[PDB]
Amino acid sequence: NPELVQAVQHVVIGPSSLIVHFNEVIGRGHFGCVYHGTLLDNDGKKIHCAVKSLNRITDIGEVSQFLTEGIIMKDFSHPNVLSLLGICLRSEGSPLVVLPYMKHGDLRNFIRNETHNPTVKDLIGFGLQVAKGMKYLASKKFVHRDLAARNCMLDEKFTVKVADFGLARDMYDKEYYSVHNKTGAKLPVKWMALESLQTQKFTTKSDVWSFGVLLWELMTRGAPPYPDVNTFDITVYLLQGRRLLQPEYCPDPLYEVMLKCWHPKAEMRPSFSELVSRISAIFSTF
Ligand SMILES: Cc1ccc(Cl)c2c1NC(=O)/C2=N\NC(=O)[C@@H](C)c1ccc(O)cc1
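Thresholds, definitions, all that
Residues numbered from 1 in each chain as written, not as in the entry; some residues may be left out. Heavy atoms only, no water. Near = heavy atom within 4 Å. Polar contact = N/O pair within 3.5 Å; in protein donor to acceptor, adjacent residues only side chain to side chain. Areas by Shrake-Rupley, 256 points an atom, 1.4 Å probe, with all protein chains shown as cover. Helix = DSSP H or I, 4+ residues; strand = E, 2+ residues; numbered from the N terminus. Nonpolar A, V, L, I, M, F, W, Y, C, P; charged D, E, K, R; others polar. Core = buried A, V, L, I, M, F, W, Y, C linked by side-chain atoms within 4.5 Å. Buried < 20%, exposed > 50% of the residue type's maximum accessible area, 1.4 Å probe, protein only. Domains from an automatic or database assignment. Contact = heavy atoms within 4.5 Å. Pairing = 2+ DSSP bridges. UniProt positions renumbered as here; feature names shortened; annotations may be inferred. Axes fitted to C-alpha atoms, helices over the stretch in contact; angles between N-to-C directions. Parallel < 35°, antiparallel > 145°, perpendicular 65-115°, else oblique. Left-handed = near helix turned anticlockwise from the far one by under 90°.

The deposited coordinates, according to the entry record, derive from X-ray crystallography at 1.87 Å resolution.

Set out below in structure tokens:
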């Protein structure tokens, strides 16, 4: 599709401007791995970046669909949303997606790291950053569909970026994706809103549900949600009105925010704008 080529054409990176270190794997996805790279800017300067391979996507129809769904991220710009540096097209291999290097890695491993020992205040602050990132995406009518602590990254300044979307979308920790759902594909069922598990539909309001789970992850420092609930049972567990329990170090007002995020009626759940307001107030009491 020439319209797609055109869009891709806006962000193309020449092969001679990119050095990929294929022996330095940052992470592994289903479409390909992420590698350390260096991008040479027009000024000739060296920029450390992350290079996402899509080489496991060999079918031209699949490559086209993936690029089509993801290319819009080139129009996004917000401090709490992962940006796209560009796309390297080549004679052999699927396109390479080039992104800013995130020096501190994914949020979940960061808070699980026992030497870090983030405080309640630190954790709420990260959650606030995610809420602002999602408020921006939501304002662009963009539904993430896989929001979770594992899928947010931290840059050198400890700014949290919502990642794993658009051209950067993949499954980066397979342990938390199950085919026990209506679509039969690997999905993050324990982050999914009840109505998404039932109807297979995703909206900004189901992103709000996932954000609620992400908040729970933050306050438990990266504990796995519903560890004693089988993937077979997650739908009925929720239908019964049951929810994740309040974390020991989660303040009562923040747990109320979580519960609001998991209201059975999607329209009754807060917007991300509301969430930024409420969480900001809570944060500032610290
Ligand atoms: C749990 C986990 C393990 C490994 C990897 Cl690679 C990732 C996650 N979770 C992610 O979201 C993710 N990667 N997500 C991304 O957007 C990719 C494109 C990316 C990776 C490293 C960068 O410095 C910059 C961007």
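1. Description of the site of the ligand
Residues in close proximity to the ligand total 17 residues, the closest being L99, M102, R150, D164 and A168. A distance of 2.8 Å separates an oxygen atom of the ligand from a polar atom in the backbone of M102. Relative to its unbound accessible surface of 530 Å², the ligand loses 94% to contact with the protein. Those elements that place two or more of their residues in the shell around the ligand are β2 (18–28) and β6 (96–100). Of the residues assigned to the shell around the ligand, the class counts are 12 nonpolar, two polar and three charged.

2. Points about the nonpolar core
Counting 83 residues, the largest nonpolar core has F211, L254 and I279 as the members making the most contacts within it. At 10 residues, helix α4 (residues 120–139) tops the list of elements feeding residues into this core. Of the residues that make up this core, three or more belong to each of domain 1 (1–101) and domain 2 (102–286). Ignoring any residue separated from it by four or fewer positions in sequence, one finds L254 in contact with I124, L215, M219, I279 and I282. Formed by 11 residues, the second largest nonpolar core is a distinct cluster that contains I13, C33, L39 and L96.

3. Structural notes on the sheet that holds β6
On the basis of which strands lie adjacent, the open sheet formed by six strands has the order β1-β5-β6-β4-β3-β2 and mixed pairing. On the outer flanks of this sheet lie β1 (12–13) and β2, each paired with one strand and no other. Pairing between β2 and strand β3 (residues 33–40): seven bridges, direction antiparallel. Looking at the pairing, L18 lines up with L39 of β3.

4. Some thoughts on the UniProt feature "active site" in the protein
Feature annotation in UniProt assigns "active site" to the following positions: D146. By the element assignment, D146 lies in the loop between α4 and β7 (152–154). Non-local contacts of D146, meaning those with residues more than four positions away in its chain, are made with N151, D164, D170, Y177 and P188.

5. Some remarks on the packing of α4 against helix α9 (residues 272–284)
Running from N to C, α4 and α9 point in directions that differ by 160°, and their axes come no closer than 9 Å. Taken together, α4 and α9 sit at an angle that is classed as roughly antiparallel. The interaxial crossing formed by α4 with α9 has left-handed handedness. Each of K121, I124, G125, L128, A131, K132, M134, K135 and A138 in α4 lies in contact with α9, whose residues at this interface are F272, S273, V276, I279, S280, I282 and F283. In terms of residue class, the contact of α4 with α9 is made up of 10 nonpolar, three polar and three charged.

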